[PDB]
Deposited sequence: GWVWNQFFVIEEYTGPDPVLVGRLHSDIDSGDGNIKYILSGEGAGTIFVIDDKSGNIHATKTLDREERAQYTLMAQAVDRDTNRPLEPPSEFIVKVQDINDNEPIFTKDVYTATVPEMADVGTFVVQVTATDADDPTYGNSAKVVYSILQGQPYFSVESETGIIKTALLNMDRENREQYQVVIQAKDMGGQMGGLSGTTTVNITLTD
């Protein structure tokens, strides 16, 4: 049930010379260059190039996991001269590994909501949503949390759902402007962040 037929590459290779992805290899390759490795499939001969005596596969361009996350390719091993079937062809996959190179992005840049005056504490106002394109296989690198910049103590926001509620009894002033931040990494150090504005209007 193990899985070994895959290699990994980092999103955003901002480096000088092309990078190695992995190496194909048949146990019959005795090191005398009489065996010819061949790529084929998604990206073969373009994004992914192979040296057919060694088996090394290289990434020719810089890849974005948001554009494509996974390339499925084929691996053959033929006889240098006759090009006969030496090893049956087998599939393998290269995974553009994620980096948290995208901030949370509020669907809207401005929300408009209404809530009644003199409402009890915890009255629902509106729910904001910051989407995050980072889709790591696992990890909290894309875990969005909502916090209230401007609006306290009048309003509280729910860290996980972006639901805004009233937080002061018996509310003088008619319109409040709230600012909510969506920070990834679970809000931890170095997390990226986007913001939005919520223009609430009390009602009678």
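In sequence order, the deposited residues that have no C-alpha coordinates form a single range, 172 to 174.
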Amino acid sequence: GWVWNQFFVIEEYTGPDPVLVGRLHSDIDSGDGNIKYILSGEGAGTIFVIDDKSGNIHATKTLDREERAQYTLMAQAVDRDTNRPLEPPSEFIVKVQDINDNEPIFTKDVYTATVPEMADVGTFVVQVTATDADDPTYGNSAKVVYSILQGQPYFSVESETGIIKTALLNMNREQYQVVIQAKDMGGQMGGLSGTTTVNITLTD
From here on, numbers count along this sequence of modelled residues.
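Averaged over their C-alpha atoms, the temperature factors of 78 to 86 and 121 to 129 are higher for 78 to 86.
Between the residues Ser26, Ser40, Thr166, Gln150, the entry's highest C-alpha temperature factor is the one at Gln150. Across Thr161, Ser156, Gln70, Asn34, the entry's maximum B-factor at the CA atom is seen for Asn34. In the deposited entry, the Cα temperature factor of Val144 sits in the bottom third of values across the chain's modelled residues. Ranked by C-alpha B-factor against the other modelled residues of its chain, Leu202 falls in the highest third. The entry lists a Cα temperature factor for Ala182 that places it in the lowest third of the chain's modelled residues.
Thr112 sits in the middle third of its chain by CA B factor, as recorded in the PDB entry.
In this PDB entry, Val21 carries a Cα temperature factor that places it within the lowest third of its chain's modelled residues.
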